[PDB]
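Engineer: Have a look at the structure that comes next, please.
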Amino acid sequence: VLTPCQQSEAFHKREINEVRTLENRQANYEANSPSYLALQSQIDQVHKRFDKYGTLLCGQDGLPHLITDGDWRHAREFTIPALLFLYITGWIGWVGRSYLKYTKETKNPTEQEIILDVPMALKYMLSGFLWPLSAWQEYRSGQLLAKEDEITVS
Amino acid sequence: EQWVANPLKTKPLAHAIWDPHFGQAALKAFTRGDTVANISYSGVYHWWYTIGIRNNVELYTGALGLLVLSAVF
Amino acid sequence: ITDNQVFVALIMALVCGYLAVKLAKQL
Amino acid sequence: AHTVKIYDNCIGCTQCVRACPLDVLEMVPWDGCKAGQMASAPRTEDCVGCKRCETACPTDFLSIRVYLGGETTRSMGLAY
Amino acid sequence: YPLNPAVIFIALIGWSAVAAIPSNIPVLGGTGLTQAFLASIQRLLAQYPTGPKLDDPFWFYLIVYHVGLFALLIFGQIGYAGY
Amino acid sequence: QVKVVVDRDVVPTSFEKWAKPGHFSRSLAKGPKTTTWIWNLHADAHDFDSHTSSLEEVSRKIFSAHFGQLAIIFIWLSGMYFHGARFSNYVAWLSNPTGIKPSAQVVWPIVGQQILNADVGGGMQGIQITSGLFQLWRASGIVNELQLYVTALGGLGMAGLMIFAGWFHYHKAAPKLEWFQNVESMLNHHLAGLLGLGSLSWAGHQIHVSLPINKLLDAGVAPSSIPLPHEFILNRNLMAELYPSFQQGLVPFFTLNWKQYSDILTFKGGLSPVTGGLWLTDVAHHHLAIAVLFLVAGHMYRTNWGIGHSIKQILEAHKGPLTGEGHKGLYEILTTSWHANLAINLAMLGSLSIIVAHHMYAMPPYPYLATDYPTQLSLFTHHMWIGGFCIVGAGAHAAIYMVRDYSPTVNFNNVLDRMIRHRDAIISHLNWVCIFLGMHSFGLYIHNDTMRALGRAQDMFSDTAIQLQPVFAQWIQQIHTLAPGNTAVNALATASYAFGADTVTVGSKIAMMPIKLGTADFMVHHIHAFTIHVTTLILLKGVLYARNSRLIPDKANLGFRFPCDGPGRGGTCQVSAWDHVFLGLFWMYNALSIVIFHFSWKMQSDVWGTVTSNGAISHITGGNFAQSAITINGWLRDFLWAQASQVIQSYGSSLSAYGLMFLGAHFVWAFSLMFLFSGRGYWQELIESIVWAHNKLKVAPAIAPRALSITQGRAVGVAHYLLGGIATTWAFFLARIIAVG
Amino acid sequence: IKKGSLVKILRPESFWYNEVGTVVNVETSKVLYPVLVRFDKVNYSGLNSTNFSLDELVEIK
Amino acid sequence: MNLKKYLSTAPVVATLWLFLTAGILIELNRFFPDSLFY
Amino acid sequence: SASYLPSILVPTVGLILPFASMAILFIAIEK
Amino acid sequence: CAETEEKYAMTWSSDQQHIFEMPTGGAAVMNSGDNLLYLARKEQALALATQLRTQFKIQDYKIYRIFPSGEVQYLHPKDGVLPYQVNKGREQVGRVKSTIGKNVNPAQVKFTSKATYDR
Ligand code: CLA
Ligand code: CLA
Ligand code: CLA
Ligand code: CLA
Ligand code: CLA
Ligand SMILES: CC1=C(C/C=C(\C)CCC[C@H](C)CCC[C@H](C)CCCC(C)C)C(=O)c2ccccc2C1=O
Ligand code: SF4
Ligand code: SF4
């Protein structure tokens with residue numbers, strides 16, 4: 001059963017064990033060593049690390065699990081970086097497709113791919129920002145796809 | 001059938017060994033009864049024990065009963 | 001667990017061996 | 001033997017015969033191309049089958065297609 | 001090709017006599033390179049099963065005498081190259 | 001004669017041809033219609049005897065390229081001196097070296113990886129050095145951070161002189177070929193000028209820097225009371241206290257009373273019992289011996305003054321009867337073909353690097369080097385590995401000579417091709433020696449494997465069982481015990497303490513123990529002779545069958561990196577002189593993997609470890625070699641199962657980056673097999689079946705996406721098999737010995 | 001038909017099958033494969049320059 | 001003059017873009033480390 | 001339980017059967 | 001060996017004593033006037049024909065195939081002219097009517113002793 005992670009026992013056992021275990025090296029230095037300040041910053045980055053995983057679900061393992069159902073209580077877990085990611089490589093993919101359908105109609109398409117025309121490249125890098133309703137409106141013209149390309153025997 | 005007497009305890013034996021390469025020290029690393037047989041890791045005594053073979057005699061009549069069938073095929 | 005049943009078995013698979021070599025030199 | 005067959009795509013550019021280091025291939029005057037030539041493979045008893053012809057066959061797809069057939073002494077290329 | 005299989009013993013003259021009288025004392029042999037060997041083979045020659053790895057002047061003056069003796073007989077066949 | 005004719009303003013220096021990739025090859029300036037142009041661009045980036053046959057233009061290109069290599073090496077050493085300066089704990093390491101583990105690289109604090117900063121002491125953390133730079137700096141006498149900064153900045157200065165030198169010697173002053181075929185002068189300046197003045201000037205550094213400094217650090221002086229090497233030459237008085245022969249000046253040198261220089265120079269050998277290194281009196285005396293001996297050596301090549309040899313009149317004079325012509329032609333081979341010179345120099349360079357490894361483990365020449373065992377391990381191992389690869393470079397570039405630059409007119413009946421007349425009798429007897437040593441080097445391991453597995457340990461090859469005591473190695477090692485009284489008359493100790501007397505300990509750490517060789521060490525030496533003979537088989541089969549085999553009698557007409565001939569002759573895959581080098585790299589991995597698996601486990605059983613009270617002994621595995629190296633279950637269990645345990649439990653600690661470079665190197669090793677086993681007849685229409693999925697969405701790439709070629713599609717399987725395979729033993733070894741030593 | 005015309009192929013072992021290409025030379029001397037067609041892209045032989053018959057001569061407009 | 005063509009090639013712009021997005025990941029993981037939400 | 005039969009049958013199938021089977025098969029290359 | 005395998009003896013003439021390379025290996029003496037040369041297999045021999053012909057003129061050359069019965073053969077050339085050059089004596093064998101695209105499917109050839117292209 002996925003307990004809420006802020007109250008799970010083995011979670012806070014890992015809190016005591018890692019703050020104490022990393023803290024064992026912190027007594028190897030004086031009060032004004034640069035390493036001692038670095039492990040001050042590291043202990044801060046462990047208490048923040050465990051307070052910022054409060055609303056997750058760590059089960060009996062004491063390790064924060066995830067949920068990928070789109071439950072809308074786990075939306076910040078999976079689906080918000082899911083839609084975020086699909087926007088980012090939809091950006092990248094529409095940039096690359098748009099640049100290849102640029103260099104397909106140029107003088108010499110071979111030299112276009114070694115030496116990227118950074119004018120027209122950085123045109124398409126930035127212009128491919130709104131690929132759902134630009135790739136979709138280039139799909140409604142019947143132009144994202146193709147037909148009767150290369151194939152083997154049958 | 002010694003395994004049928006004690007199914008949890010006794011480790012089930014496969015066929016026996018005749019190595020002329022076992023000098024002495026390996027011969028004491030296999031003694032499960034008088035034979036030095038391999039422990040049978042194939043679940044066959046469990047299937048023959050749910051079948052209800054509780055004997056070695058029924059296994060001989062079965063072994064003859066499949067030499068007959070192999071000769072038939 | 002007995003003795004003569006083993007001999008009955010090796011006779012029956014000797015016959016089965018002759019039927020195997022009888023299948024061998026015809027196909 | 002390794003059966004060499006030379007189809008009607010053979011436009012007679014003769015990189016095949018120059019590419020064969022066995023002289024299984026020769027050129028035959030054949031009035032069906034612009035050069036008037038079409039290659040022939042009469043002596044396939046010496047044909048290794050190394051497909052060095054098919055590398056240097058600049059047709060559409062392989063006018064000369066080597067099919068790997070029999071394996072004699074000469075067609076296996078063993079020295080002894 | 002070996003047209004001159006003439007002499008071998010000229011190396012035995014040529015390698016023992018150049019290595020007998022120079023003693024050069026504080027090494028294994030206080031005597032020369034060969035005198036420390038001929039004395040240290042006659043103790044072992046009469047079918048002695050001994051001579052272990054700690055037998056110094058048998059093994060060491062075995063190899064160091066054979067390695068110059070081989071070299072001087074080979075150079076003796078090089079002594080039939082100027083013909 | 002000797003004269004230097006130099007073309008000026010050879011090549012203009014605009015960035016125009018950088019915009020033309022593949023400008024250099026007219027076979028490759030067509031531009032990429034396929035993606036194989038991308039990889040052929042890099043496979044022809046240094047085929048200098050494939051750009052143009054004109055050896056002048058080639059020779060300018062290579063000779064300018066060497067300065068680029070030395071520029072990268074001076075950037076590398078300037079990097080090591082700066083990471084020694086700003087980032088290392090070397091100043092604190094100089095106080096107590098046996099307690100402080102050496103660290104330079106201080107990992108930047110991003111997510112997690114700040115835990116790699118190992119608290120190695122010195123008050124400052126960071127990942128631990130295994131390269132052994134601090135031992136060479138204590139030997140060289142670098143006291144504080146200032147010489148590391150300044151020597152780093154001089155490293156960048158020489159890097160600028162090598163970039164400017166290479167630009168200067170390709171573009172605006174580049175020589176003729178008559179400069180290059182003036183090779184008696186080249187040997188005449190490299191024997192004498194490079195190595196002679198190198199060892200002589202280094203004897204200057206050791207006598208006027210290291211002998212006072214590593215006398216004071218041997219006396220245990222803190223690195224603040226130590227004066228600068230500066231201050232030992234303003235007056236002889238600070239050195240006459242340390243070495244009282246400096247008071248006499250150079251006067252006993254010029255009168256040849258060299259008995260007086262017993263303070264500065266001696267012949268003692270052994271090791272320093274205090275620092276665990278060689279005596280720098282012996283090392284400075286040694287570099288004087290290389291000094292005078294190489295300056296003698298340089299002057300045997302007639303250049304202008306009619307005094308000295310020429311190589312032609314040497315090689316003609318050995319007109320032996322069983323070779324017929326003698327060495328006629330080799331001065332014309334080695335001064336017209338670069339690849340043959342690269343074969344010789346990579347063979348001797350690689351075998352020198354192996355010699356470096358074997359001379360560094362047993363005579364540890366740096367102070368406190370044998371104390372920290374990871375620097376003792378990885379400087380054996382690293383120089384063993386480059387010392388391996390360079391021999392395969394000999395086996396390749398010998399074949400690149402034999403395919404390209406062979407000409408039978410200059411090379412007719414001499415010592416060279418008379419081998420190739422009976423190369424069947426060469427390779428056939430290598431075949432026999434490989435089978436005989438494989439049976440008698442590994443069949444003994446299957447024997448002891450079975451006899452230990454069959455219970456009958458009375459039939460093994462142990463010391464208790466049928467023994468195979470190495471007779472010859474124990475005998476000559478016993479001679480090396482008896483050296484410094486008998487034959488090395490003016491010595492005191494032996495050539496090493498791998499030979500003779502009782503062990504040398506520094507800080508309760510065993511610096512060197514006399515290595516015992518009994519009946520297991522024997523069989524591993526026959527492993528090494530075996531897998532050396534197999535690489536010699538593949539790398540002589542790669543050269544004698546390079547140009548014209550009896551399978552394929554025109555390979556020079558096909559080239560060097562051709563994949564094959566075809567399915568004819570029943571299949572002629574992998575038959576080129578390059579493909580034997582493809583095989584010799586796997587056998588390089590085998591041969592050196594069991595060299596270092598002999599090293600790092602015999603010396604974790606027979607040498608290294610600690611010493612306790614009353615001089616009592618303790619090894620790391622605890623004498624667990626001769627009862628365990630005889631089998632393979634003892635080898636795999638007791639070595640690869642047991643020594644892995646400090647690499648595998650290394651998580652949550654500073655050794656966990658080796659726990660990442662262990663698994664990832666298993667990944668790269670396993671990832672090579674995809675390239676080795678399959679071939680482009682699969683991947684080309686797998687890829688083209690993906691090209692359908694780009695042609696459907698108009699994402700057809702204009703450079704056509706081929707698969708790799710065959711030779712690239714096996715060269716990359718080598719270069720992953722070796723990167724993953726070598727980095728496994730890398731992470732395993734450094735995570736093993738850092739975790740204890 | 002003519003030189004310079006942009007021609008789709010209908011032969012399944014053409015590498016450029018169902019891809020248009022430009023006509024370079026046509027011979028009218030009963031050569032069985034007279035219409036030499038080269039292409040933008042490149043087969044595995046490295047060679048765009050091939051030739052075809054008249055049944056595999058389908059142009060576009 | 002033609003250096004900017006060399007700074008428009010495939011590997012150089014590959015390093016000047018993967019170096020840049022690499023710096024986006026590292027500079028976005030120094031400022032907000034341990035980011036499993038959102 | 002005839003405890004002597006593997007002492008006969010294990011060697012005569014283990015070694016001497018791949019002698020006569022080498023003869024029957026290997027001469028049966030030419031028969 | 002020579003008592004059971006077809007030795008290939010290559011006979012040719014030259015003008016000057018040059019030096020070529022054997023297919024067995026190494027440099028050969030190359031008798032200037034006329035010289036025969038026993039070999040092992042045909043690719044060695046025509047590889048030597050490429051070895052000499054692409055360098056310089058070695059014409060009036062052909063291997064007499066010593067088959068072990070005792071007599072010879074003659075292949076390169078037969079009509080006296082070089083094979084990629086076109087002579088009006090050679091009869092072409094080894095063709096079909098079209099490309100591979102009209103070759104028969106091997107399920108139409110299954111259980112018959114035919115080829116995948118004869119039709
Ligand atoms: C122009 C950019 C671009 C675009 C839009 C696509 C799109 C596609 N590829 Mg892909 N691909 C690309 C480049 C691209 N590819 C490159 C450069 C390679 C070589 C590494 C591949 C190798 C590849 C394989 C092997 C496969 C696909 C497949 C696919 C399809 C499924 C999506 C997927 O998993 O992608 C796969 C994505 C990758 C393998 C990694 C992405 C490739 C690079 C890193 C990103 C591309 C950005 C591009 C370089 C930007 C250049 C332009 C810009 C400078 C102006 C999809 C149509 C699959 C398919 O057929 O599915 C139907 C498939 O099996 N691709
Ligand atoms: C005694 C003079 C001398 C010295 C010291 C060297 C030293 C070297 N030569 Mg060299 N060489 C010389 C004479 C000399 N050469 C002559 C006379 C010829 C012509 C026959 C050549 C032909 C030659 C070739 C063809 C090659 C070398 C290479 C090398 C380098 C090997 C790499 C190495 O050891 O790095 C250790 C590095 C050092 C020890 C640094 C050395 C720098 C010091 C300052 C000496 C350099 C002085 C310089 C040569 C004087 C030029 C005069 C000019 C300024 C007016 C090394 C720097 C190889 C190389 O890498 O190319 C550069 C190479 O391929 N040499
Ligand atoms: C008297 C001068 C002298 C001194 C003090 C040293 C001292 C040293 N050398 Mg040495 N060396 C010398 C001369 C000298 N060498 C000469 C002249 C050569 C070239 C032949 C070498 C070649 C050499 C190698 C290859 C190695 C050393 C190494 C070492 C170190 C190991 C410690 C030891 O016990 O070695 C004592 C040294 C010796 C027993 C060498 C004696 C060499 C004699 C002087 C050669 C005489 C030359 C002459 C032509 C005779 C040659 C044939 C002869 C054998 C019959 C030590 C610092 C090892 C090292 O690097 O340490 C890690 C190592 O691997 N040396
Ligand atoms: C572990 C796998 C393995 C093994 C055992 C071998 C073994 C061998 N390789 Mg090798 N090889 C391997 C992997 C392996 N290779 C891989 C992965 C590559 C990839 C690059 C190569 C590439 C390679 C090349 C390129 C060459 C070899 C060659 C050889 C042979 C060297 C001669 C020798 O040692 O004979 C001794 C044999 C052994 C040690 C094998 C064990 C034999 C035991 C000891 C005795 C017999 C067992 C048993 C009694 C048999 C009877 C019972 C049975 C009949 C029922 C040897 C058989 C060379 C060759 O052709 O031979 C010279 C050669 O040129 N190998
Ligand atoms: C190749 C390495 C090797 C070697 C050297 C041995 C050696 C041995 N094994 Mg063995 N073994 C090996 C591999 C090897 N094994 C492997 C790989 C396996 C597993 C497959 C086994 C499995 C095995 C078992 C199961 C047993 C042994 C046993 C033995 C011992 C007796 C065998 C015997 O009678 O020899 C027979 C020897 C010969 C017939 C001699 C032939 C070779 C001669 C010397 C060649 C001489 C040629 C000559 C030099 C030509 C030059 C001179 C001429 C020109 C005049 C013997 C020590 C037995 C034992 O009890 O150990 C004590 C035993 O029970 N082995
Ligand atoms: C997988 C495989 C391939 C396919 C390998 C493909 C073709 C290469 C994949 C890696 C390249 C580098 C991808 C190209 C991507 C570019 C780097 C652009 C990406 C954008 C940035 C990363 C720069 C072979 O070609 C092959 C050939 C012969 C034997 C075995 C194999 C084989 O196993
Ligand atoms: S087929 Fe290709 S190679 Fe053979 S001749 Fe016609 S064109 Fe030249
Ligand atoms: S098959 Fe081998 S030999 Fe016969 S032609 Fe094609 S390539 Fe030349």
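Following the order of the structure tokens, first chain is A, next is B, and so on, with residues numbered from 1 inside each chain and ligands from 1 in the order they appear.
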As a list in words, please: the residues near segment 38-53 of chain G (cut-off 9 Å, only C-alpha atoms, same-chain neighbours under 4 positions excluded).
Structural biologist: residues 9, 55, 56, 57, 58, 59, 60 and 61 of chain D; 33, 34, 702, 703, 704 and 706 of chain F; 9, 15, 16, 19, 20, 21, 22, 23, 24, 25, 31, 32, 33, 34 and 57 of chain G
Engineer: From a DSSP calculation on the backbone, collect every residue of segment 1-36 of chain H in alpha helix (DSSP H) and output the set as a list in words.
Structural biologist: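 Checking each residue of segment 1-36 of chain H, the alpha helix (DSSP H) ones are residues 3, 4, 5, 6, 10, 11, 12, 13, 14, 15, 16, 17, 18, 19, 20, 21, 22, 23, 24, 25, 26 and 27 of chain H.
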Engineer: Name each residue within 10 Å of ligand 1, counting only C-alpha atoms and all ligand atoms, as a ChimeraX atom specification.
Structural biologist: /A:89-103,113,116-118,120-126,128 /F:686-701,705 /H:10,13-14,17
Engineer: Give as JSON, numbers by chain the residues surrounding ligand 3 up to a distance of 10 Å, considering only C-alpha atoms and all ligand atoms.
Structural biologist: {"F": [265, 266, 267, 268, 269, 270, 271, 277, 278, 279, 280, 281, 282, 283, 284, 285, 286, 287, 288, 289, 290, 291, 292, 293, 294, 352, 355, 356, 357, 358, 359, 360, 361, 362, 363, 364, 365, 366, 480, 483, 484, 487, 488, 490, 491, 492, 493, 494, 495, 496, 497]}
Engineer: Which residues of chain J are close to chain A, meaning at most 12 Å apart when you count only C-alpha atoms, and how do they look as a list in words?
Structural biologist: residues 100, 101, 102 and 105 of chain J
Engineer: For residue 54 of chain B, work out the shell of residues within 7 Å, counting only C-alpha atoms and skipping chain neighbours fewer than 3 positions away, then give it as a PyMOL selection string.
Structural biologist: chain B and resi 1+4+49
Engineer: Atoms to include: C-alpha atoms. Write the selected residues as a tab-separated table (two decimals), in the first residue's frame.
Structural biologist:
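Output below, filename result_25.tsv:
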```
chain	number	residue	atom	x	y	z
B	1	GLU	CA	9.39	-45.00	-2.71
B	4	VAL	CA	7.37	-41.32	-1.00
B	49	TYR	CA	3.47	-39.05	-6.89
```
Engineer: Could you give me, as a list in words, every polymer residue with an atom at most 7 Å away from an atom of ligand 8, counting only C-alpha atoms and all ligand atoms?
Structural biologist: residues 4, 19, 20, 21, 22, 24, 25, 44, 47, 48, 49, 50, 51, 52, 53, 54 and 66 of chain D; 568 of chain F
Engineer: Given a cut-off of 9 Å, what residues near ligand 5 show up using only C-alpha atoms and all ligand atoms, put as a list in words?
Structural biologist: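 After applying the 9 Å limit, what remains is residues 20, 21, 22 and 23 of chain B; 436, 437, 438, 439, 440, 441, 442, 443, 444, 445, 446, 447, 448, 449, 450, 451, 454, 456, 458, 459, 460, 461 and 466 of chain F.
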Engineer: Name each residue within 7 Å of ligand 2, counting only C-alpha atoms and all ligand atoms, as a list in words.
Structural biologist: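 Selection of residues at most 7 Å from ligand 2: residues 63, 66, 67, 70, 179, 180, 182, 183, 185, 186, 189, 190, 192, 193 and 194 of chain F.
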Engineer: Atoms to include: N, CA, C and O atoms. Write the selected residues as a short mmCIF file (atom, residue, chain, number, x, y, z; two decimals), in the first residue's frame.
Structural biologist:
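Result went into result30.cif, see below:
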```cif
data_model
loop_
_atom_site.label_atom_id
_atom_site.label_comp_id
_atom_site.auth_asym_id
_atom_site.auth_seq_id
_atom_site.Cartn_x
_atom_site.Cartn_y
_atom_site.Cartn_z
N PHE F 63 55.24 15.40 -40.63
CA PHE F 63 56.18 16.10 -39.76
C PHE F 63 55.57 17.33 -39.13
O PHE F 63 55.92 17.68 -38.00
N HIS F 66 53.18 15.84 -36.13
CA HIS F 66 53.84 15.49 -34.88
C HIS F 66 53.83 16.64 -33.90
O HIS F 66 53.69 16.43 -32.69
N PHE F 67 54.00 17.87 -34.39
CA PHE F 67 53.96 19.03 -33.51
C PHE F 67 52.57 19.24 -32.94
O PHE F 67 52.43 19.80 -31.86
N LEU F 70 52.63 16.69 -30.05
CA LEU F 70 53.37 17.22 -28.92
C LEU F 70 52.68 18.42 -28.31
O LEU F 70 52.86 18.70 -27.12
N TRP F 179 65.65 16.62 -46.95
CA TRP F 179 65.85 16.78 -45.52
C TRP F 179 65.48 15.50 -44.77
O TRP F 179 66.13 15.13 -43.80
N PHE F 180 64.43 14.81 -45.23
CA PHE F 180 63.90 13.68 -44.48
C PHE F 180 64.67 12.40 -44.72
O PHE F 180 64.84 11.60 -43.81
N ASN F 182 67.67 12.11 -45.00
CA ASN F 182 68.97 12.36 -44.42
C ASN F 182 68.98 11.76 -43.02
O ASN F 182 69.03 12.45 -42.01
N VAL F 183 68.95 10.43 -42.99
CA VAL F 183 68.53 9.69 -41.81
C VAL F 183 69.68 9.38 -40.86
O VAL F 183 69.46 9.23 -39.65
N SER F 185 71.80 11.60 -40.09
CA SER F 185 71.73 12.78 -39.23
C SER F 185 70.57 12.69 -38.27
O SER F 185 70.64 13.26 -37.17
N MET F 186 69.50 11.99 -38.64
CA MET F 186 68.33 11.92 -37.77
C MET F 186 68.60 11.03 -36.57
O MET F 186 68.27 11.38 -35.43
N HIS F 189 71.20 12.83 -34.34
CA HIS F 189 70.69 13.80 -33.38
C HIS F 189 69.69 13.22 -32.41
O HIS F 189 69.43 13.85 -31.38
N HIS F 190 69.08 12.08 -32.70
CA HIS F 190 68.16 11.55 -31.69
C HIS F 190 68.86 10.70 -30.66
O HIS F 190 68.48 10.73 -29.49
N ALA F 192 72.11 11.10 -29.81
CA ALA F 192 72.95 12.01 -29.07
C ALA F 192 72.16 13.19 -28.54
O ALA F 192 72.10 13.41 -27.33
N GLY F 193 71.52 13.94 -29.44
CA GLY F 193 70.93 15.21 -29.05
C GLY F 193 69.69 15.07 -28.20
O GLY F 193 69.54 15.75 -27.19
N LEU F 194 68.77 14.19 -28.60
CA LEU F 194 67.55 14.02 -27.84
C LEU F 194 67.81 13.23 -26.57
O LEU F 194 67.67 13.75 -25.45
#
```
Engineer: Using atom CA of residue 390 of chain F and atom CA of residue 64 of chain F as the two end points, give the distance in Å to one decimal.
Structural biologist: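 Between these atoms lies a distance of 21.6 Å.
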Engineer: Just to confirm, what's the straight-line distance from atom CA of residue 56 of chain F to atom CA of residue 176 of chain F in Å (one decimal)?
Structural biologist: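 A separation of 6.0 Å between them.
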Engineer: Return the single residue from H:36, H:1, H:24, H:18 that is closest to ligand 6, with distances computed using only C-alpha atoms and all ligand atoms.
Structural biologist: H:18
Engineer: Which residues are near ligand 4 in this structure, taking near to mean any atom at most 10 Å from a ligand atom and counting only C-alpha atoms and all ligand atoms? Format them as a PyMOL selection string.
Structural biologist: chain F and resi 427-447+527+530-531+533-539+541+579-590+676+718
Engineer: Please indicate the distance in Å from atom CA of residue 18 of chain D to atom CA of residue 14 of chain J, rounded to one decimal place.
Structural biologist: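 It comes out at 22.6 Å.
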Engineer: Do you know which residues are at most 9 Å from residue 12 of chain C counting only C-alpha atoms, after dropping those on the same chain fewer than 5 positions away, and could you put them as a PyMOL selection string?
Structural biologist: (chain B and resi 64+67-68+71) or (chain C and resi 7+17)
Engineer: May I have the selected residues written with C-alpha atoms, as a PDB file, in the first residue's frame?
Structural biologist:
```
ATOM      1  CA  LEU B  64       8.096 -51.911 -19.935  1.00  0.00           C
ATOM      2  CA  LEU B  67       9.327 -49.868 -24.322  1.00  0.00           C
ATOM      3  CA  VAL B  68       6.258 -51.598 -25.762  1.00  0.00           C
ATOM      4  CA  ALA B  71       8.490 -50.464 -30.219  1.00  0.00           C
TER       5      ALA B  71
ATOM      6  CA  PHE C   7      16.962 -58.196 -18.017  1.00  0.00           C
ATOM      7  CA  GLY C  17      16.944 -51.356 -31.017  1.00  0.00           C
TER       8      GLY C  17
END
```
Engineer: I need the contact residues of chain F against chain H, so if you could list those with any atom within 7 Å, counting only C-alpha atoms, and return them as a short mmCIF file (atom, residue, chain, number, x, y, z; two decimals) with N, CA and C atoms, in the first residue's frame, that would help.
Structural biologist:
```
data_model
loop_
_atom_site.label_atom_id
_atom_site.label_comp_id
_atom_site.auth_asym_id
_atom_site.auth_seq_id
_atom_site.Cartn_x
_atom_site.Cartn_y
_atom_site.Cartn_z
N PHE F 15 40.71 29.98 -43.75
CA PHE F 15 39.74 28.99 -43.32
C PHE F 15 38.86 28.52 -44.46
N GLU F 16 39.32 28.66 -45.70
CA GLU F 16 38.50 28.33 -46.86
C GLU F 16 38.29 26.83 -46.97
N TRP F 18 38.50 24.63 -44.67
CA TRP F 18 37.72 24.06 -43.57
C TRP F 18 36.25 23.99 -43.94
N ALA F 19 35.80 24.86 -44.83
CA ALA F 19 34.45 24.81 -45.36
C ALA F 19 34.28 23.72 -46.41
N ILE F 110 27.52 18.68 -8.22
CA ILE F 110 26.21 18.61 -8.85
C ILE F 110 25.57 17.45 -8.11
N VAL F 111 24.40 17.02 -8.57
CA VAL F 111 23.54 16.04 -7.92
C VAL F 111 24.27 14.74 -7.62
#
```
Engineer: I'd like the neighbourhood of segment 50-62 of chain E as a PyMOL selection string, where a residue qualifies if any of its atoms comes within 12 Å (using only C-alpha atoms), though same-chain residues fewer than 4 positions away should be ignored.
Structural biologist: (chain E and resi 19+27-46+66-70) or (chain F and resi 469-483+486-487)
Engineer: Counting only C-alpha atoms and all ligand atoms, what residues are within 6 Å of ligand 7, given as an MDAnalysis selection string?
Structural biologist: chainID D and resid 10:16 39 56:59 63:64
Engineer: Go ahead and save the picked residues with C-alpha atoms, as a compact mmCIF listing (two decimals), in the first residue's frame.
Structural biologist:
```txt
# COMPACT_ATOMS: atom_id res chain seq x y z
CA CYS D 10 23.87 -5.72 -69.66
CA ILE D 11 24.72 -2.49 -71.46
CA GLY D 12 28.24 -3.66 -72.15
CA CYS D 13 30.37 -1.26 -70.14
CA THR D 14 32.87 -4.14 -69.58
CA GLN D 15 33.72 -3.45 -65.96
CA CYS D 16 32.53 -7.01 -65.40
CA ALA D 39 28.59 -10.09 -71.67
CA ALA D 56 31.51 -3.56 -60.68
CA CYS D 57 28.18 -3.95 -62.49
CA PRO D 58 26.81 -0.42 -63.00
CA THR D 59 23.42 -1.40 -64.36
CA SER D 63 22.45 -7.52 -65.05
CA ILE D 64 24.97 -10.22 -64.10
```
Engineer: Check every protein, DNA and RNA residue against ligand 6, keep those with an atom at most 8 Å away (counting only C-alpha atoms and all ligand atoms), and present them as an MDAnalysis selection string.
Structural biologist: (chainID F and resid 673:684 687 705:714) or (chainID H and resid 10:11 14:15 18)
Engineer: If we count only C-alpha atoms, what is near residue 135 of chain A at a cut-off of 9 Å, once residues fewer than 4 positions away on the same chain are taken out, given as a ChimeraX atom specification?
Structural biologist: /A:94,130-131,139-140,144
